[PDB]
Every structure is written in structure tokens, then in C-alpha cells.
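Below: one structure, written as C-alpha cells.
For the numbers below, each heavy atom of this structure counts, side chains included, while hydrogens, waters and symmetry mates do not. For reference, positions follow the sequence shown, starting with 1.
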Amino acid sequence: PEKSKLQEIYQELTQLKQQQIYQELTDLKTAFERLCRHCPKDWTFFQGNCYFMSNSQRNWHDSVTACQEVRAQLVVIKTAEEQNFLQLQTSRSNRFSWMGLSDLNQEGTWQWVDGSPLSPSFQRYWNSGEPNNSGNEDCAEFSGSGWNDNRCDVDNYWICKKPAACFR
Ligand SMILES: CC(=O)N[C@@H]1[C@@H](O[C@@H]2O[C@@H](C)[C@@H](O)[C@@H](O)[C@@H]2O)[C@H](O[C@@H]2O[C@H](CO)[C@H](O)[C@H](O)[C@H]2O)[C@@H](CO)O[C@@H]1O
Ligand SMILES: [Ca+2]
Ligand SMILES: [Ca+2]
Ligand SMILES: [Ca+2]
Ligand SMILES: [Ca+2]
């Protein structure tokens with residue numbers, strides 16, 4: 001079967017100035033996954049991943065579960081280019097949307113739903129004066145041209161993300 005041979009490729013990979021060897025290893029792995037670009041209907045393809053801009057609103061927690069139900073994740077932003085792309089989409093659609101970011105576990109400590117912390121290089125995306133935790137806000141949303149922390153129980157459109165697949 002096809003899905004079988006694919007296994008054989010990832011299998012061999014696992015079985016494979018040192019930082020220079022791994023850097024090229026990442027290039028190779030990426031050159032292959034680059035061939036897998038199938039996205040579910042109505043989803044957007046962007047840099048190897050598929051994004052879904054919901055057509056309805058939900059609170060933050062319900063948005064998180066909505067994404068898991070389609071084998072995806074409330075969008076966790078990894079690069080500046082990704083952030084700018086999403087911000088433009090939400091900006092043009094005039095819709096406030098949730099992202100997988102919150103300081104729920106510990107006020108002030110922003111963390112993505114995949115465990116990773118908010119890097120200082122992303123602090124520039126917050127809107128002027130944010131995050132102000134006005135009335136205890138622990139969830140991030142695309143608001144205007146930047147981010148804003150809002151209440152978890154508020155309703156917003158959301159965005160989910162998952163890797164493009166090799167088979168339809
Ligand atoms: C405590 C409170 O509810 N204040 C609201 C304002 O919202 C707060 O301040 C803004 C700047 C933002 O930090 C929100 O997260 C706070 O809840 C509210 O301003 C608007 O707030 C929405 C977000 O819900 C957008 O950010 C708009 O751009 C803001 O103008 C104002 C007017 O709606 O009412 C209270 O002061
Ligand atoms: Ca290379
Ligand atoms: Ca809090
Ligand atoms: Ca908070
Ligand atoms: Ca706020």
C-alpha cells in the first residue's frame with residue numbers, strides 16, 4: 001500500500017560540526033513533507049499547513065475543543081510570517097478571532113495550547129495598551145491589527161490549524 005511505503009521513508013529517517021548535519025536533515029525532511037499539500041474542503045493552505053476560519057462564534061474553551069474535533073488545534077503561531085498572514089485574514093474579514101494563547105494557568109504568563117511559551121519577539125503583536133487584563137482577561141484574540149486579551153467566556157470566531165496531508 002502507499003501509506004505503507006510512506007512509513008518506510010519516515011522509518012529510515014528516524015534511523016538517521018554536527019549541528020550542520022541536523023540542519024541539512026531538517027531541509028531534507030521538509031523537502032519531502034512539501035509534497036503533502038491536501039487540505040480539507042473550505043480550509044486554507046499556507047506554508048504546508050491548513051487553516052480553518054470558522055463561520056460561527058464560541059468561547060475560548062469551546063473553540064479549543066472545536067478544533068480537536070477536526071484533528072486540529074486552536075492556532076498556535078510559530079513565526080512572524082504566519083502571524084502577519086492570519087492578522088491580515090482576520091483584519092480583512094472584520095472578525096475578532098481566538099488563537100491558542102492564554103495566561104489562564106498563571107496570570108501574566110502567556111502560553112500556547114501546545115505548551116510553548118510566548119517568545120519576547122512576539123510581544124510586539126499586542127495592541128497598544130495590551131494585555132491589560134481588564135476585568136480578568138486570560139485569552140488572546142486577533143483584534144484590529146494586533147492582539148488583545150479578552151474574557152474566556154466571550155464569544156469569537158476562531159481559527160484552527162493542522163498539517164497538510166499526503167492523502168485525501
Ligand atoms: C473593563 C471593560 O470591559 N472595559 C470596556 C472596554 O474593553 C476593555 O478595554 C479594551 C481596550 C480591551 O482591553 C478589552 O479587552 C477590555 O475589556 C471597551 O473597549 C473596547 O473593547 C473591545 C474588546 O471587548 C475592543 O478592544 C475595542 O477596540 C474597545 O474599544 C469599552 C467600549 O466598548 O467599554 C469598556 O470600557
Ligand atoms: Ca540544504
Ligand atoms: Ca487571570
Ligand atoms: Ca490575564
Ligand atoms: Ca484587553
Side-chain angles (χ1 to χ4, degrees), residues 3 6 10 29-30 33-34 36-167:
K3 289 193 176 184
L6 192 66
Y10 280 0
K29 180 186 178 183
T30 291
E33 267 153 46
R34 184 174 289 137
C36 301
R37 54 237 305 284
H38 288 297
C39 285
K41 179 176 296 181
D42 294 330
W43 289 50
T44 293
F45 179 84
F46 180 76
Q47 301 198 316
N49 290 290
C50 311
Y51 300 77
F52 172 71
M53 263 91 281
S54 70
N55 238 306
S56 61
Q57 310 182 62
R58 294 194 178 193
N59 58 42
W60 196 79
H61 292 87
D62 294 355
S63 294
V64 171
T65 48
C67 298
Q68 299 168 323
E69 295 182 54
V70 283
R71 303 181 175 299
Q73 183 178 61
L74 223 208
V75 69
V76 170
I77 305 173
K78 301 291 187 186
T79 67
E81 177 153 45
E82 191 183 5
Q83 149 62 30
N84 282 288
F85 176 74
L86 298 171
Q87 190 76 57
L88 212 215
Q89 310 311 305
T90 61
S91 176
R92 286 186 64 196
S93 78
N94 303 308
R95 294 182 179 174
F96 295 75
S97 318
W98 291 128
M99 66 183 81
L101 186 56
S102 71
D103 74 325
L104 285 163
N105 300 306
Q106 183 177 70
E107 188 56 45
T109 295
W110 293 88
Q111 178 174 55
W112 296 95
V113 298
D114 74 331
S116 63
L118 182 59
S119 87
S121 66
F122 283 178
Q123 293 301 320
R124 52 159 142 300
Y125 300 122
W126 293 108
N127 291 320
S128 298
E130 313 295 356
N132 63 15
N133 199 49
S134 191
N136 189 44
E137 304 170 310
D138 306 328
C139 297
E141 70 184 7
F142 289 92
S143 179
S145 58
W147 304 345
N148 170 47
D149 62 326
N150 210 329
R151 292 172 62 65
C152 60
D153 63 324
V154 161
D155 296 303
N156 287 313
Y157 293 87
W158 71 94
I159 302 177
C160 35
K161 169 187 185 187
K162 73 177 174 194
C166 308
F167 306 86

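- In this structure, SG on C67 lies 11.0 Å from CG on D62, to the nearest 0.5 angstrom.
- Minimum interatomic distance between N49 and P163 (heavy atoms only, all atoms of both residues): OD1-CA, 3.3 Å.
- Distance check: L118 CG to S102 OG gives 11.0 Å after rounding to the nearest 0.5 Å.
- By the 6.0 Å contact criterion, CD on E81 is open, its count of non-hydrogen atoms from other residues, nucleotides or ligands being 12 or less.
- Residues in residues 101-135 take part in no disulfide bond (SG atoms under 2.5 Å apart) pair, two or more places apart or across chains.
- Judged purely by atom type and a 3.5 angstrom limit, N59 has no side-chain atom pairing as donor or acceptor with the backbone of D155.
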Could you go step by step and tell me if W158 and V75 meet the side-chain contact (heavy atoms from CB on, under 4.5 Å) rule?
-> CA-CA 8 Å; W158 71 94; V75 69; over 6 Å; no
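- Between the OG1 atom in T79 and the CD atom in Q47 there is a gap of 5.5 Å [rounded to 0.5 Å].
- Looking only at distances, no side-chain donor or acceptor of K162 sits under 3.5 Å from a matching main-chain atom of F52.
- The shortest heavy-atom contact between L104 and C139 is CD1-SG, 4.3 Å.
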For residues 142-149, please give each side-chain donor-acceptor pair under 3.5 Å, one per line with the distance, not counting sequence neighbours.
unit_1, atom_1, unit_2, atom_2, d
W147, NE1, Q83, OE1, 2.7
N148, ND2, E141, OE2, 3.0
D149, OD1, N132, N, 3.4
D149, OD2, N133, N, 2.7

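- In terms of heavy atoms, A140 sits closest to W126 at CB-CH2, 4.1 Å.
- At least one side-chain heavy atom of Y125 sits under 4.5 Å from a side-chain heavy atom of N84.
- Rounded to the nearest 0.5 Å, atoms CG (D153) and CD (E137) are 10.0 Å apart.
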Going through the checks in order, is the side-chain contact (heavy atoms from CB on, under 4.5 Å) test met by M99 and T90?
-> CA-CA 11 Å; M99 66 183 81; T90 61; over 6 Å; no
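- Here the CD-SG distance, from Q73 to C160, works out to 10.5 Å after rounding to the nearest 0.5 Å.
- The shortest side-chain heavy-atom distance between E82 and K161 falls under the 4.5 Å cut-off.
- Judged by distance alone, the side chain of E130 and the main-chain N or O of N127 form no donor-acceptor pair under 3.5 Å.
- For the pair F122 and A80, the tightest heavy-atom approach, listed with the atom from each and the gap, is CE2-N, 4.1 Å.
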side-chain contact (heavy atoms from CB on, under 4.5 Å) evaluation trace for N136 with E107 | CA-CA 9 Å; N136 189 44; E107 188 56 45; 3.5 Å; yes
Distance-only check: which donor-acceptor pairs under 3.5 Å involve side-chain atoms of residues 39-46, not counting sequence neighbours?
none

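- For the residue pair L74 and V113, the shortest heavy atom distance occurs at O-CG2, 3.8 Å.
- What you find for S97 and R95 is that their closest heavy atoms are OG-O, 3.2 Å.
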Go through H61 and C152 one step at a time and tell me if the side-chain contact (heavy atoms from CB on, under 4.5 Å) criterion holds.
-> CA-CA 7 Å; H61 292 87; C152 60; 4.0 Å; yes
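- Side-chain contact between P131 and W110: present, with at least one pair of heavy atoms (C-beta onward) separated by less than 4.5 Å.
- Sulfur-sulfur distance for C166 and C36: below 2.5 Å, consistent with a disulfide.
- Side chains of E33 and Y10: a donor-acceptor N/O pair is present below 3.5 angstrom, by distance only.
- To the nearest 0.5 angstrom, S119 atom OG is 10.5 Å from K78 atom NZ.
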